[PDB]
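# Fold and geometry: a report
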Amino acid sequence: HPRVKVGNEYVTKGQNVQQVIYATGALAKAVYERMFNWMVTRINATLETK
Amino acid sequence: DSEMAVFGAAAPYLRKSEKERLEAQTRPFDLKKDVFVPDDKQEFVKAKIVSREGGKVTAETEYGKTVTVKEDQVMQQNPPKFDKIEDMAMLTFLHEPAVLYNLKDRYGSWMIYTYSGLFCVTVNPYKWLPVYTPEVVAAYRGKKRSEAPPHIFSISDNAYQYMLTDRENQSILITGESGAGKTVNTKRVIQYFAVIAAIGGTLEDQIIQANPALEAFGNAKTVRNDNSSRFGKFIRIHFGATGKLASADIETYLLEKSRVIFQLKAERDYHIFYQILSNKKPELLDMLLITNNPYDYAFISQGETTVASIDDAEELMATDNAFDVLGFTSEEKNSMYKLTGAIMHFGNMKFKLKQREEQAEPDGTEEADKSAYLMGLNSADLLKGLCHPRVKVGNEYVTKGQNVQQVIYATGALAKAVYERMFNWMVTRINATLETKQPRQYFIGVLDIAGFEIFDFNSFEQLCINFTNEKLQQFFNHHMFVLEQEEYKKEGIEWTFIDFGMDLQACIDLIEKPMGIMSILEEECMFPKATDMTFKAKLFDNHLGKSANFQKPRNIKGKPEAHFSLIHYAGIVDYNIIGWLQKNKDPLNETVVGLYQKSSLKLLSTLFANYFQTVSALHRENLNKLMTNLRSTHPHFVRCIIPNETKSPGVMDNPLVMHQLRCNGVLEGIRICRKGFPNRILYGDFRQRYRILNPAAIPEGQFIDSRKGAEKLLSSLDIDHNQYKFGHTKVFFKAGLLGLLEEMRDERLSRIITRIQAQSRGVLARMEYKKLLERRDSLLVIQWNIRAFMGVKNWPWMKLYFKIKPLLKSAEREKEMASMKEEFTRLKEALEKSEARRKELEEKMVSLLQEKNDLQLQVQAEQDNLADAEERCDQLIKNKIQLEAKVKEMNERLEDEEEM
Ligand SMILES: Nc1ncnc2c1ncn2[C@@H]1O[C@H](COP(=O)(O)OP(=O)(O)O)[C@@H](O)[C@H]1O
Ligand SMILES: CC(C)n1c(=O)cc(N[C@@H](C)c2ccccc2)[nH]c1=O
Ligand SMILES: [Mg+2]
């Protein structure tokens, strides 16, 4: 039941089993990819003897 | 009870006195002999067993009458220790007389509210209790159903507690026939949220006025009630993440628009008209051309025009202030008053047959002139458009000449439409105020449907309102008896399905389905030559021998003009078929609606802006939308029961009360609440909320499945384990456990916030203790300093030389040490901090040098973004050019096909 905004209040939508599977995939990807780019940004935050 | 003092003067009218507590233990009562027996004039009477004769029993009733009835129909009386209990789910013997007399003994002492387990029953006092002023609202703040005596404020706050805890929308579902009490309880809910939101501003007073502003335009005196809600209302009170009031939305479902033009004896039109007229307020009696008395306005003079329960002089001033508090400007308040004046004059327009055209014309126009002046319309254009309304057939428009008999209907429907949409706009404007654009996430939807009714003459509206009750009754039946056990099976609860017989799907289907009443109205309105006899004919052919609840009319009161009877849950209702096709089809005069859009009054144009979809279709889809939106919310039900037809306070008619107790399924609902598992928690929200009850049962920092965790925690609580069973995804509890768990949790939260305060005070006192000791030790050093001087006030050679400065190496060289060190150390500071500041600037220049170079590269990158964006727009325009050529050729060829 993801929350989506309609005006100032949020409404709730029921997801299908296939589309919740696809959404869990997308959450797995976007957590992984952000974790990688953050790891690079931390490498770029060391690697600096000023 | 000494704790009752918190309600002040309202306390005697909510809970029994201490004497009633002591009298209970002293009443003469025998559990084996005291029983209820049915009677003719009254459904049940107390009786005393006198003998036993095997399968036949004989007893003497409380009035000394002899009676004989078989043991299958005799019900044991409840012992006096359970008399007047605040929640009827806690009754020991549950049957028709136990609920009847439990309501009667409480109501005769003006204790009007009583719970019935998952829902609550309120009995119409007819005489006020000072139980609705500001002081009780503060007493109800944050109190739970276990603490505060039953009241509509208790249900309102309980819903608010759930709303914030579950982060789910809640509902308070008040139901009952006309005059039972749903509306006043609704107001009380609104005033509760407002006063709590202000004490716990402009918005809180605005919301308080949001009710009497609508109630003036939507309520009317009826045979059943003096201030009956002739329109169902759903009020969503929205709160922010922090829980403070943030907005309120009013939704309306079905205004009795016909009531604006027709009322039976012993009832009023809407209150707005008589409250405006009763004060004869010179500014309104000058703005509205209604200087006369109400007894000449045909629409509103019928029935009774005055009621003792309403101080009509004050209600006008209450609505004027209500609009002022809601920020209605002078043009808004004036426009809507003008509109009511127009509506009042609208009932006096007289029409007569033209001597040769067989067409209606207005006989008197002064009331129309007044109306059009108030509405900012043209009186001549209005009357011409009513006398010669244009109707359309697709794009072609044609003038139809109206007869007197159909114009009277058309004008009535016009009054209905103007009133209805003006009420809708007033709702949307109340939703335009109160809307603070602040964070919003959760709302409490309070439902007050138009109550179930049995007049001597019931029409299509009486069916729509009864259907609305029957749908919410089927919803109550479904949630308590069907969905409850269905979800037990879905959750795998070891439970055996109980059939209570509380089902109305068959009669709802008889109305809704593509063979039901509503589909017949939906097609018979299309046939231009359909008639009341054609509809009645198809209705009979479709239902006689095909519907168990559709029956021949009884016509016990004579007048067999056209009738049938319907077995509603709440009783046999006789419906008159005349006019239902017109009432459903809603034929509006397209000219007057077009003039309303064209009105010089900004309001009247707003009412009809953005003006197949019959009222039965709109209502059925609106109500299915409502109940779908409501199944997605946590419901609390409130059963309003009217105790007496003669409106006498304290008087109670046992057969009429029992009829409603039966039809609302209160007994069945208790049967399921006592036997079944009404309380249910998701394993995750259970863990999240009640982990505070035993953090050691669910140790964090380690994984534990939701199911076994809830198993260990609830096993650790030491409560009676026979009270719960576990589902596939929710835990399930007996009727009385959840209240005890919230009592337990708030007791623990009190214990803990006081023990964290034990820690807060303990370490804050440690901070104070250590600061005092170190500061006093320094003071002891200061004391050593002065003690040392008095020790030094002895006479040595040094006393003379040290105090005065003549000594060269000691005073002079130490002065050089102190002066040189003073200079060095001050500069030392300055130099170290300066050196750091120079480094800091270097570090800033190094980083700025990187940022300036990256920005120089970035301006080239941005210029590339500009080239990208410009070429994107350029190709979109070129493609649009070719696409326009495509649609040019297509629409041309479509027109050529239309010509050929
Ligand atoms: N709780 C109450 N306190 C005082 N009067 C009440 C109460 N309930 C009903 N009434 C009586 O009826 C009216 C309010 O009832 P209401 O809730 O509007 O009934 P319904 O909602 O069934 O139309 C008042 O005018 C009064 O005559
Ligand atoms: C079935 C219904 C009455 N219900 C519950 O039985 C419990 C709910 N939520 C839990 C978490 C809670 C318990 C007590 C007060 C607030 C919240 N929600 C619910 O919807
Ligand atoms: Mg009402």
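Residues numbered from 1 in each chain as written, not as in the entry; some residues may be left out. Chains lettered and ligands numbered in written order. Part of a larger assembly, values for the part shown. Heavy atoms only, no water.

## Observations concerning the overall build of chain B
Scanning chain B from N- to C-terminus turns up 29 helices and 24 strands. Taken against the 2.2 N^0.38 rule, which gives 29 Å for 900 residues, the C-alpha radius of gyration of chain B at 39 Å runs more than 25% over that of a compact globule. Referenced to the eigenvectors of the C-alpha coordinate spread, the extents of chain B come out at roughly 140 × 100 × 60 Å. Residues classed as buried in chain B amount to 45% of the 900 residues present. (Helix = DSSP H or I, 4+ residues; strand = E, 2+ residues; numbered from the N terminus. Rg over C-alpha atoms; globule rule 2.2 N^0.38 Å. Buried < 20%, exposed > 50% of the residue type's maximum accessible area, 1.4 Å probe, protein only.)

## A word on the side chain of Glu484(B)
By the secondary structure assignment, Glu484(B) is in helix α15 (residues 460-490). The contacts of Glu484(B), once residues within four sequence positions are left out, are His478(B), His479(B), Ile672(B), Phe677(B), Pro678(B) and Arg680(B). (Contact = heavy atoms within 4.5 Å.)

## Re helix α24 (residues 666-675) of chain B
Residues and elements named next belong to chain B. Across the ten residues of α24, seven count as buried, placing the element largely inside the fold. Listing the buried residues of α24 in full gives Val666, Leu667, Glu668, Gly669, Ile670, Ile672 and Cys673. Buried-residue contacts for α24 involve α2 (96-107), β6 (113-116), β7 (119-123), α15, β21 (634-641) and α23 (654-663).

## Regarding the sheet that holds strand β20 (residues 571-576) of chain B
Two orientations exist for strands paired in a sheet by backbone hydrogen bonds: parallel and antiparallel. Residue and element names in this part refer to chain B. With antiparallel pairing, the three strands of this open sheet are ordered in space as β18-β19-β20. Two strands close off the open sheet at either side, each with one partner strand: β18 (550-551) and β20. Bridge analysis of β18 against strand β19 (residues 563-568) gives two bridges, and the strand direction is antiparallel. Its bridge partner lying in β19, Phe550 is registered against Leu566. (Pairing = 2+ DSSP bridges.)

## Examining the site of ligand 1
Residue and element names in this part refer to chain B. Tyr132, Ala180, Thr183, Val184 and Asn225 are the nearest of the 18 residues found near ligand 1. Take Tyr132: an N or O atom from its side chain is 2.5 Å from a nitrogen atom of ligand 1. In this structure, an oxygen atom belonging to ligand 1 sits 2.7 Å away from a main-chain N or O atom of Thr183. Considering ligand 1 on its own, with 560 Å² of exposed area, one finds that the protein chains cover 96% of that surface. Broken down by element, the residue count for the shell around ligand 1 peaks at three residues, all from helix α5 (residues 182-199). Residue composition of the shell around ligand 1, by class: six nonpolar, ten polar and two charged. (Near = heavy atom within 4 Å. Polar contact = N/O pair within 3.5 Å; in protein donor to acceptor, adjacent residues only side chain to side chain. Areas by Shrake-Rupley, 256 points an atom, 1.4 Å probe, with all protein chains shown as cover. Nonpolar A, V, L, I, M, F, W, Y, C, P; charged D, E, K, R; others polar.)

## Comments concerning the site of ligand 2
Residues and elements named next belong to chain B. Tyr162, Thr165, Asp166, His634, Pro678, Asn679, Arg680, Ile681, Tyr690, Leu738 and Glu742 make up every residue found near ligand 2. Within the side chain of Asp166, a nitrogen or oxygen atom sits 3.0 Å from a nitrogen atom of ligand 2. Within the backbone of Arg680, one N or O atom sits 3.3 Å away from an oxygen atom of ligand 2. Burial of ligand 2 by the protein chains amounts to 90% of its free accessible area of 470 Å². Taken together, the elements giving at least two residues each to the shell around ligand 2 come down to α4 (152-166), β22 (679-682) and α27 (737-792). Here the shell around ligand 2 is built from residues that sort into five nonpolar, three polar and three charged.

## Examining the interface of chain B and chain A
Taken together, the contact pairs seven residues of chain B with five residues of chain A. Interface area for chain B against chain A, summed over the two sides, is near 570 Å², with a carbon-plus-sulfur share of 29%. The three residues of chain B that bury the most area against chain A are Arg440(B), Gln441(B) and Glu843(B), which together make up 66% of that side's buried surface. In this assembly, chain B and chain A are joined by three salt bridges. Residues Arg236(B) and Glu9(A) are paired through a salt bridge, measuring 3.2 Å at the closest nitrogen-oxygen approach. In this structure, the connection of chain B to chain A is made through five residue pairs in polar contact. Grouping the constituent residues of the side of chain B that touches chain A by class yields no nonpolar, two polar and five charged. (Buried area = accessible area lost by both parts, 1.4 Å probe. Salt bridge = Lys/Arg side-chain N within 4 Å of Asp/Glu carboxyl O.)

## Remarks on the environment of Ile49(B)
Residue and element names in this part refer to chain B. The topology assignment puts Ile49 in strand β2 (residues 44-53). Placed 21 residues apart in sequence, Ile49 and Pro28 show a C-alpha to C-alpha distance of 14 Å. The residues touching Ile49, leaving out its near neighbours within four places in the chain, are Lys32, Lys33, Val35, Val57, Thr58 and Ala59.

## Details of the UniProt feature "binding site: ATP" in chain B
Residues and elements named next belong to chain B. Mapped onto this numbering, the UniProt entry gives "binding site: ATP" at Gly176, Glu177, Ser178, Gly179, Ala180, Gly181, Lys182 and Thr183. By secondary structure assignment, the location of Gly176 is in the loop between β8 (170-175) and α5. Mapped onto the elements of the fold, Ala180 is located in the loop between β8 and α5. Taking the relative accessible area as the measure of exposure, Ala180 reaches 1% and is therefore buried. Ignoring sequence-local partners within four residues, the contact set of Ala180 consists of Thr122, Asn124, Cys640, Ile641 and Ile642. (UniProt positions renumbered as here; feature names shortened; annotations may be inferred.)

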